[PDB]
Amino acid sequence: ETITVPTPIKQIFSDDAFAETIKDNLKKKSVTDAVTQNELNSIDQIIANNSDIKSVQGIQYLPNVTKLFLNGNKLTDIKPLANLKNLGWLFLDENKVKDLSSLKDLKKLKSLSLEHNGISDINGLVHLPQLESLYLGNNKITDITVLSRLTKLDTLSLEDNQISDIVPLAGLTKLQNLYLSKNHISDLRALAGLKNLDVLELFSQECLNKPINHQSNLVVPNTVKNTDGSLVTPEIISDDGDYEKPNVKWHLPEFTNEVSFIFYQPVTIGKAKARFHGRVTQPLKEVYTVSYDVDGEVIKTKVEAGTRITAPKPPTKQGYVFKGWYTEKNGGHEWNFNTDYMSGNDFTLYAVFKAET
């Protein structure tokens, strides 16, 4: 990771664009110019945004770089950065960097930016406990459990991800600038003890419930919670519904496959003011009842319209053998549990038996 003879830039830095970057950094005339290790040692800062760089191979010969600005390139592999022990600032917005193992030994890194890299797994960040400023906006993150180890963070952006569980932030009391817009957040309790916040953003949450059965008289708990745990009153409710604290209630004589409600809550934590607003979406399934009739005695099972019915364990009537489920007590036809899908209405199936030889 050192050169011992004057060596052309183009031989050290194999990516054409990055070689030109080094050339301009050292104020050389040409990527053909030979440079010494002492010149390479002099590089403290590289600014090469939007420069169509595909690889930084060769950067490992720059032991003293402390700030690296590489936003808007085509990087995937940052392995050549792994031994830049003095790296302090590292900006890699708008690349496709996902393997963060190569950051493991950058123990002086204090500011990291990786926005719009398509990242989901940030567990690699546990090796950067000294980190102070972290920007991860516009990624695909759902699990921020690792961040509870990053107790020196005072500036943190997680906006435009898919986060619902912010409890791992609860202990990060040094936090002063916190960006959480455009996630899946419905419960602010984790933020309650962040007494040092100055900037806080909580706009535009989308909160998706697991599906439940549609019903004429539908009741859904309000799950939107303030920093003190109190429920946030809905701002407006779909499908003519009403709020009956703590529940949202609808009258739905006709099936619809979704109801929803919108919420808005001004929030103050320490010195920071924010506006927590968003939408709770509730998918509904259209269900009807299959009555299984065994010689007049009935068991009722709910089934979603248009799906296959899973046949039950068959009845055993001693002295007889079960022959199947039919659409009429006598006659009709046999239900085919593979090709007959659930009707859009209640109906009955009748067990048919044949006496034993």
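Sequential numbering from 1, following the sequence displayed.
Engineer: So, looking at the entry's B-factor column for Cα atoms, which has the higher mean, 327 to 335 or 46 to 54?
Structural biologist: Stretch with the higher mean C-alpha B-factor: 327 to 335.
Engineer: Using the B-factors recorded in the PDB entry, average over the C-alpha atoms of 115 to 123 and of 178 to 186, then report which stretch comes out higher.
Structural biologist: Mean C-alpha B-factor is greater for 115 to 123.
Engineer: Go through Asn222, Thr281, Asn83, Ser238 one by one and give the residue whose Cα B-factor in the PDB entry is largest.
Structural biologist: Of the options given, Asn83 has the highest CA B-factor in the PDB entry.
Engineer: By the entry's C-alpha temperature factors, tell me which of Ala305, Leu70, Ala311, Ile299 sits highest.
Structural biologist: Reading the PDB entry, the winner on C-alpha B-factor is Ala311.
Engineer: Ranked by Cα temperature factor within the chain, is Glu244 in the lowest third, the middle third or the highest third?
Structural biologist: As the PDB entry reports it, the C-alpha B-factor of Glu244 lands in the highest third of its chain.
Engineer: Among the modelled residues of this chain, does the Cα B factor of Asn64 put it in the lowest, middle or highest third?
Structural biologist: It falls in the top third of the chain.
Engineer: Thinking about Cα B factors across the chain, which third does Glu258 belong to?
Structural biologist: Ranked within chain, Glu258 CA B lands in the lowest tercile.
Engineer: Among the modelled residues of this chain, does the Cα B factor of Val294 put it in the lowest, middle or highest third?
Structural biologist: Within its chain, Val294 is a lowest-third residue by C-alpha B-factor, going by the deposited values.
Engineer: Going by the recorded CA B-factors, say which third of the chain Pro168 sits in, lowest, middle or highest.
Structural biologist: It belongs to the middle third of the chain when residues are ordered by C-alpha B-factor.
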